[PDB]
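Note sheet for the following structure.
Cβ placement follows ideal geometry from the backbone for every residue including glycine, while neighbour counts extend to all protein chains displayed. What follows draws every value from the coordinates through simple rules; no lab data is involved.
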Amino acid sequence: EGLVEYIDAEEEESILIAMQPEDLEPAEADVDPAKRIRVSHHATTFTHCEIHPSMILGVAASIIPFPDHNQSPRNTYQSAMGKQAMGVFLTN
Amino acid sequence: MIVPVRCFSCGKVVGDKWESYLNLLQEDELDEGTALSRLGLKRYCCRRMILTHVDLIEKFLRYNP
Amino acid sequence: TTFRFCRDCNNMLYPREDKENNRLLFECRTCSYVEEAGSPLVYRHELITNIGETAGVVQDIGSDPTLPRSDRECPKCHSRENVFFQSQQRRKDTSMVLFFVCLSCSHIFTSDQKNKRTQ
Amino acid sequence: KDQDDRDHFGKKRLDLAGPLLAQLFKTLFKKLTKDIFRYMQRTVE
Ligand SMILES: [Zn+2]
Ligand SMILES: [Zn+2]
Ligand SMILES: [Zn+2]
């Protein structure tokens, strides 16, 4: 239906991606102080939109609770330890 | 993989509770939180015990011999 | 420099001096062809370069989404429609001057507040 | 123009199960082809 597409790293060079759909698609004409400092949708020229930014991660990194609240290598470390953790590996 | 008998932390016999917990959610269409306190699970040490357990025994039984 | 080729065999033209009439000639070494030189300039060096800054300003420049748009009104058509790049010269030494191309007249104008440019 | 970047991930490729087997197989098949040709020479029928 051509609503979603396959972009290689070379094709990625000629496109403009919005992180969030809703958070980067309307316009403007109070705010929560607790939330993190974010950027605008100053781009008229949006070609594509990221399904979900958290998909930049791989299997290991994806088990980390709040990796966005950690020091960069501490995540790298856990993305090694979870492989050395015990548990059920298969029900058979 | 089969409900632990007793909560690790304080040792309240969480063992009997399981079947009754599953039945509160399915049958009495209760939310997990209310169902937990209904079984009498007051402290969070006991609460995690039931709330966070994954009954893998049921999967293992699916294997024939 | 802008050099020519020998007609008849489209080969490179080399200079030869006509010491009699004291004039420059462009001789061919792939035959017997000769022709008077237009300019007295034979060779040019140019250490400090000003060519490669407005590189690849095709008509479809305004179609590139990867390019940023601004509010800067046009000097000739006066449209608030822009697409600008940094000086396209890929030298380390290069300055960060902006080159605005209009989405209407398709003419280039800079942000420079020092030089009276016409390119 | 700027000097080409040897580390642009778009100018790289990954060889998975299929192509690694394709490489291996080709070599082995060609080694049996050379044995088929060898038996043919020895066949002085
Ligand atoms: Zn307890
Ligand atoms: Zn010639
Ligand atoms: Zn204009």
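Quantify how strongly other chains surround peptide A:7-16 by giving the mean number of their Cβ atoms within 10 Å of each of its Cβ atoms.
That average works out to 3.
Which ³J(HN,Hα) values, rounded to whole Hz and listed in residue order, are derived for the stretch A:4-19 from phi using the Karplus coefficients 6.51, -1.76 and 1.60 in 6.51 cos²θ - 1.76 cosθ + 1.60 with θ = phi - 60°, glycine and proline given as x?
Residue by residue, the stretch A:4-19 yields 9, 9, 9, 9, 7, 5, 6, 5, 3, 5, 9, 10, 10, 9, 9, 5 Hz.
Ordered by residue, what ³J(HN,Hα) values in Hz, to whole numbers, does the stretch C:78-88 give under the Karplus form 6.51 cos²θ - 1.76 cosθ + 1.60, where θ = phi - 60° and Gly and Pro are x?
Taking θ as phi minus 60°, the curve returns 6, 9, 7, 10, 10, 8, 10, 10, 7, 3, 4 Hz for the stretch C:78-88.
What FRET efficiency, computed as 1/(1 + (r/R0)^6) with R0 = 35 Å and r the Cβ-Cβ distance, is obtained for B:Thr34 and B:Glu58, rounded to the nearest 0.05?
0.90
Within 12 Å, Cβ to Cβ, of B:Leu36, how many net charges do the neighbouring residues add up to if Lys/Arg are +1 and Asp/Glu are -1?
Neighbour charge sum, excluding B:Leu36 itself: +4.
Taking beta carbons within 10 Å but only from partner chains, what does the mean come to for residues C:64-71?
4
Give the residue from D:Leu28, D:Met40, D:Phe9 lying farthest towards the positive end of the charge dipole for chain D; charges sit on Cβ (+1 for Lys and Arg, -1 for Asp and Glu) and the dipole is referred to the Cα centre.
So the residue furthest toward the plus end is D:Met40.
Only counting other Cβ atoms within 10 Å, I'd like B:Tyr63, B:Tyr44 sorted with the fewest neighbours first.
Arranged by neighbour count, lowest to highest, B:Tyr63, B:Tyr44 become B:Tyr63, B:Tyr44.
Longest span of chain C, sites excluded, free of chymotrypsin sites (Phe, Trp or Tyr not before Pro) in DSSP loop with at most 13 other C-beta atoms within 10 Å?
Longest gap between qualifying sites, sites excluded: C:44-119.
Report, in deg cm²/dmol and to the nearest 500, the calculated mean residue ellipticity at 222 nm for chain B, where each DSSP H run with n ≥ 4 adds -39500 (n - 2.57) and the sum is divided by the residue count.
The helix contribution divided over chain B gives -12000 deg cm²/dmol.
Please give, to one decimal in nm, the separation of the simple spin-label points placed at C:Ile61 and D:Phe9, each 7 Å out from Cα toward the Cβ.
Once both label points are built, they end up 3.2 nm from each other.
For every other residue with a beta carbon closer than 14 angstrom to the beta carbon of A:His52, add +1 if it is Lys or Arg and -1 if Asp or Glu, then tell me the sum.
-4
Along Cα→Cβ, 7 Å out, is where each label goes; now give me the distance between the ones at D:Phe29 and B:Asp16 in nm to one decimal.
For D:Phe29 paired with B:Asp16, the spin-label model returns 7.0 nm.
In what order do A:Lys83, B:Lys59 fall by count of nearby beta-carbon atoms within 10 Å, going from fewest to most?
A:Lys83, B:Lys59
If you take the beta carbon distance between C:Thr118 and A:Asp23 as r and set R0 to 51 Å, what does 1/(1 + (r/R0)^6) give as a FRET efficiency, to the nearest 0.05?
Computed FRET efficiency for C:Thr118 and A:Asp23 comes out at 0.70.
Let's test the formula: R0 of 51 Å, r as the Cβ-Cβ distance of A:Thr91 and A:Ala43. What FRET efficiency results, to the nearest 0.05?
The pair A:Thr91/A:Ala43 has a calculated efficiency of 0.60.
What net charge is computed for the residues neighbouring A:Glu25, neighbours being all others with C-beta under 15 Å from the C-beta of A:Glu25, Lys and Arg scored +1, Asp and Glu -1?
Surrounding charge for A:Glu25 is -3.
Can you list residues from other chains, or at least 5 along the same chain, whose modelled amide H is less than 5 Å from the amide H of C:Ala55?
Excluding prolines and chain starts, which carry no amide H, the hits are C:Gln88.
Could you give the size of the charge dipole of chain C about its Cα centre, using +1 on the Cβ of each K and R and -1 on the Cβ of each D and E, expressed in debye and rounded to the nearest 20?
320
Using the Karplus equation 6.51 cos²θ - 1.76 cosθ + 1.60 (θ = phi - 60°), what ³J(HN,Hα) coupling, rounded to whole Hz, does each residue of the stretch C:44-59 give in order, writing x for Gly and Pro?
Coupling constants for the stretch C:44-59: 9, 8, 6, 6, 8, 9, 10, 10, x, 7, 10, 6, x, 9, 5, 4 Hz.
Please report how far the C-alpha centroid of the stretch C:24-78 lies from that of the stretch B:10-65, rounded to the nearest whole angstrom.
Distance between centres, Cα-based: 79 Å.
Given C:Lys92/C:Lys114; C:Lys116/D:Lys11; C:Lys114/D:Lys11; A:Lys83/B:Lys17, which pairs have Cα atoms separated by over 30 Å?
Going by Cα-Cα distance, C:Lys116/D:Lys11; C:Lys114/D:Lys11; A:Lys83/B:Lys17 fall outside the 30 Å limit.
Tell me, which longest segment in chain C has none of the trypsin sites (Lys or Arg not before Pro) that fall in DSSP loops with at most 15 further Cβ atoms within 10 Å?
C:45-75
Amide H to amide H, which residues 5 or more places from C:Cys74 or on other chains are under 5 Å from it, using H placed in the peptide plane?
C:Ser79, C:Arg80, C:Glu81
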